[PDB]
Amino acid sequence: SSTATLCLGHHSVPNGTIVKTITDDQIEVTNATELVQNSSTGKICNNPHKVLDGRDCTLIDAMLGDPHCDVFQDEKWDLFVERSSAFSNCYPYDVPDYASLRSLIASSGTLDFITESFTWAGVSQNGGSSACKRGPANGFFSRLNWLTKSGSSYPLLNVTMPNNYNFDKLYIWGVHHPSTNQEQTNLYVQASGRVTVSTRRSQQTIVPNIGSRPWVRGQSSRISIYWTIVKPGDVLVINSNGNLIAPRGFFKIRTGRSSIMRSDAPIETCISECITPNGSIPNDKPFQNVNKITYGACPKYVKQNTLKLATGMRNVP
């Protein structure tokens, strides 16, 4: 016993974890960690972002002023959530290039509206329909003015509104399409209407189309929605022979980090910086497998449901 033995070695663990290397596909290591987040809580956290829940309303309906969407006036949001149960309960309408209008309203992040004093001489204002009820009697979209004949004459309208502020203005106007030639004359006298809205650098003119359409909430007619943007120092001129749905003012358009998302997840009281239509997810991991639609500081979307990163030597038991 004038000798001694000295051995060198490394730890082993009773249970390893399988990872993927370059030279091998199934190799066991002592410890490993998961790089892909494949679960969601299902509860959209209301912090730190400002989440606005549109219960039965879309963004355009709230922007237009649907009577059942009236609680959303002058609202602001970091992320607007559109539920699949949303419906329209006002005058039937369509928006040419609907997606672009929805996108720019969502990016603006606000519905702040400023009423301007338009003067419509020789025509009656504040039209309403049985298709758009505000309580017990007829109503219309807010932020919009339906103009019809005053007596037996519909005069030519030529109104102007300069932009004396230092921020851009967004105007929402419309054109009414009657279903019969008689309805056109009964409301606007002239047999062929015309709406022109233009500025120093852009123009738009729409000729209404008369014809029967599917009967939605009692109306065989339709309304087409259009928008115009007036830069500071520019001026807006509206010229109409008839069939004009006049604006009531302008929307203040801002530049920010707001957006819109379609989801049916409930909103709870919690903190999470990443929002998906499936709910909120933590962002401790670099990747995630829940949804490719995200908002906030989120892990990048990948197709793999699991990716193990080795945090120990190979397990030789």
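Numbers for residues come from their place in the sequence shown, where the first is 1.
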| property | result |
| --- | --- |
| Mean C-alpha temperature factor, higher of 162-170 and 102-110 | 162-170 |
| 180-188 versus 67-75 - greater average Cα B-factor per the deposited record | 180-188 |
| Selection from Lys292, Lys285, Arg257, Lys252 [criterion: highest C-alpha temperature factor in the record] | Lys252 |
| Largest Cα B-factor, entry values, listed residues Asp53, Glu34, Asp56, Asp61 | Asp56 |
| B-factor third for the C-alpha atom of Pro266 within its chain | middle |
| Ranked against its chain, the third holding the CA B-factor of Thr311 | lowest |
| Ranked C-alpha temperature factor of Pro48 among modelled chain residues, by third | middle |
| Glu82, C-alpha B-factor rank within chain (lowest, middle or highest third) | lowest |
| Assigned third (lowest, middle, highest) for the C-alpha B factor of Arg201 | highest |
